[PDB]
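Take a look at this single chain, the form deposited in one PDB entry, given in structure tokens.
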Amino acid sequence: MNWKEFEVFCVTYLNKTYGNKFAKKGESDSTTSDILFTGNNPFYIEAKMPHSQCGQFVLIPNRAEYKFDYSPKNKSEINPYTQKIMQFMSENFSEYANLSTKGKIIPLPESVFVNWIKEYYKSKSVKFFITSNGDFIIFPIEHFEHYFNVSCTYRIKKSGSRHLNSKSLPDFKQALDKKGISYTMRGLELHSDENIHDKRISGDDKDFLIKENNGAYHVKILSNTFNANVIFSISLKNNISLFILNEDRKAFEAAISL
């Protein structure tokens, strides 16, 4: 099951287990957290698979002062634990300034990454997490360090796609007939009896990607932005104390019965 299906299974669970007081937000919506408890004390619940990533921030190398600068276009403010990650990479500037796709691990105490995550998700009014070990686990942001091991790497992450627009429709068809694919287009919708799912087409300084949806084909334009970001990874601890499990469930049931 993919991560989209997993979010749906968590919302479905909460609604049947506790009542339909849980609203699911957009899947790939960067602005907010996953599930909004629409009760008398609203808060957010964050869904994460057993192996997930856990937030990020962009750092721009500044080769003049040989330090890393927090990008002003970031969406989360600096907390103390951010500055401690920056200071480490800055004092190791020579090795971290050569940005990589495979990334370079940050070998800092796990204490730092856990506190950054707690601060970051508190900043989104997340009070509880939900995940699964075969059975659904719900725990408050305060006890995060008892459920996940945390890793941290600094890597280039190319920015996301955008829909094919009218301006670049003459250019897309240019690249299509150079590859030999026959097609017809009703507006921006693509139609073909050849299967070109996830075919990548390129030419004249845009890169195109073809996707199949609703019995037809959608075209996406790929990005040109290759900034590096500190990014956190989490993995569910395999044997968890049943002592903390029951207390944290009681904490959730208390928080929604309020």
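Note that residue numbering begins at 1 and tracks the sequence as displayed. The term rigid core refers to the most C-alpha atoms you can superpose between the two forms while keeping them within 1.5 Å. Only residues modelled in both forms are compared.
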Exercise for review: Between 180-188 and 67-75, name whichever shows the higher mean Cα B factor according to the PDB entry.
Suggested key: 180-188
Study note, to complete from the structure: Higher avg CA temperature factor (79-87 vs 171-179, as deposited) belongs to 171-179
Revision key, fill the gap. Top Cα B-factor in this entry, restricted to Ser94, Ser132, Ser161, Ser123, sits on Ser94
Check your understanding: When the CA B-factors of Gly203, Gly55, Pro42, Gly26 are compared as recorded in the entry, which is the largest?
Key -> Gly203
Check your understanding: Against its chain's modelled residues, does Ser111's Cα B factor rank lowest, middle or highest third?
Key -> middle
**Study point:** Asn239 - which third its CA temperature factor falls in, relative to the rest of the chain
**Key:** highest
Practice item. Going by the recorded CA B-factors, say which third of the chain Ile210 sits in, lowest, middle or highest. Key: middle
Revision key, fill the gap. Binned into thirds over the chain's modelled residues, the C-alpha B-factor of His143 lands in the middle
Review point. With respect to C-alpha B-factor, does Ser151 fall in the lowest, middle or highest third of the chain as deposited?
Key: lowest
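This next part talks about the form deposited in another entry, which is not shown.
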Exercise for review: Superpose on the rigid core, then report which one of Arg249, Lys237, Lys21, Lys25 has a CA displacement of at least 2 angstroms between this form and the one not shown.
Suggested key: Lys25
**Study point:** CA-CA separation of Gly26 and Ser223, closer or farther in that other deposited form than in the form shown [shift of 3 angstroms or more]
**Key:** farther
Review point. Which is it in that other deposited form for the CA atoms of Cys54 and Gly26, closer or farther than here, knowing they shift by 3 Å or more?
Key: farther
**Study point:** Sequence-ordered runs, three or more residues, C-alpha shift 2 Å or more between this form and the one not shown, rigid core
**Key:** 25-33
